[PDB]
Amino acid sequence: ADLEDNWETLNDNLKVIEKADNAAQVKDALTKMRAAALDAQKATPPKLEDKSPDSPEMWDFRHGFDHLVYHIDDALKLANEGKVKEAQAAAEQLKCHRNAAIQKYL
């Protein structure tokens, strides 16, 4: 899907997590965040379309989503252990990683 769409999918699931009461709700929203991050990693922006995959511009674009996914996975470990409030605090920190991976390419 689009980059702006995956950005919206991440923002929608972050709100679900903030309002969640149990860990299964957080785990489901984080699961969809991980898929949207790996999907946005494929949505090379038009300004970078002709760059080689080995270019530093494509390293930066790709690895921003690697970093987001890494911490989504860490949040998923907290949700799988039933730590709702801790997983919600980790999800709140995902906002900064989301911005670092997407914002300057919109």
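Start at 1 with the first residue shown and count on from there.
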statement: Per the PDB entry, mean CA B-factor is higher for 36-44 or 69-77, namely for 36-44
task: Tell me which of 22-30 and 59-67 has the higher mean C-alpha B-factor in the deposited entry.
output: 22-30
- prompt: Which third of the chain holds residue 1 when residues are ordered by C-alpha B factor: lowest, middle or highest?
  reply: highest
task: Could you say whether, by C-alpha temperature factor, residue 15 belongs to the lowest, middle or highest third of its chain?
output: highest
field: Lowest, middle or highest third - CA B-factor, residue 85
entry: middle
task: Classify residue 106 as lowest, middle or highest third according to the C-alpha B-factor given in the PDB entry, relative to its own chain.
output: highest
